[PDB]
């Protein structure tokens, strides 16, 4: 196995800081390395494994579709695509009834930004500081992180950033020249920072009043992650374009921009496209993922375990803890010091995999099927490494 680890490390582009291990298999919220060590996975593909590694229903759907048909373009109708379309719109508000399937979160946001420009005839985009929308140039234009943009300037213009949750700033930024406002209901990469009900309500109101579109990015908050199927359900608003990805296909690369009928209608024929977008394999996986989410009402699990887990983390008697925040099982543990060393020790000494969300934050994105006993071990492991 060392040979394969070496091959990956040596031949990789090198932009990633790869950990010293080789993960070979996963089941539920657990994964094993090449040496047989078992880990509690709170990384879960960065929020992709919501339904658990190797979800039986998704695996079965993938196997059966793989034997049937994998390559069929959007110009040629295929049953699993129609099924995905009705299955996805069925779990959304009546207004979000037109689907543009893609292969990633950044592609979903790129689609949203393009549909917004075609519909409004405007150019300006308004995003939030610390907001993250993707790495391709369009999505990157509305992504805040300076280090993520600077090396690649100039990007798509014009874009204006406002402080997250700053209602007055948002009010002054949105005008008759604004094509769209793009926001995450809970900033992920930004440090696990939930939006206030007043901020999203204001975003919905101001966009409608000025003729701009509201794009809500639920690529990370969607699919039950925050305690509801979608975070917007918790805030009581319905966007003009909803972007989804990560857990949408239960692990299979899949994303989507779901929009209102009038928005979709404005797009010229042939105005946008994607080779893999809407492919039958991903459609079959998406249908299975959504059907599983619905049947199990898995979001209720995150709504219960989330608060419990966060309360346990807050109760850890460590003077190194600054705050525990988030929604459902989208959790952030902020320390009064650098988190990197503790994340490494969690992996190396406790076999608990976790992420970061800023230099002082430990982020947890465990599959929503994670057992309470495993979350207990995570709390104990965090306490141990902080001692």
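Residue numbers count along the first chain shown, from 1.
Between the stretches 159-167 and 239-247, it is 159-167 that shows the larger average CA temperature factor. Stretches compared: 366-374, 20-28. Higher mean C-alpha B-factor in the entry: 366-374. The residue among 211, 77, 185, 105 whose C-alpha atom has the highest B-factor in the PDB entry is 211.
Among 83, 175, 110, 217, the highest C-alpha B-factor in the deposited entry belongs to 175. In the PDB entry, a CA B factor belonging to the middle third of its chain's modelled residues is recorded for residue 89. Sort the chain's modelled residues by C-alpha temperature factor and residue 295 lands in the highest third, per the entry. For residue 140, the recorded CA temperature factor ranks within the lowest third of the chain's modelled residues.
When the modelled residues of the chain are ordered by their C-alpha B factor, residue 360 lands in the highest third. Compared with the other modelled residues of the chain, the Cα B-factor recorded for residue 11 ranks in the lowest third.
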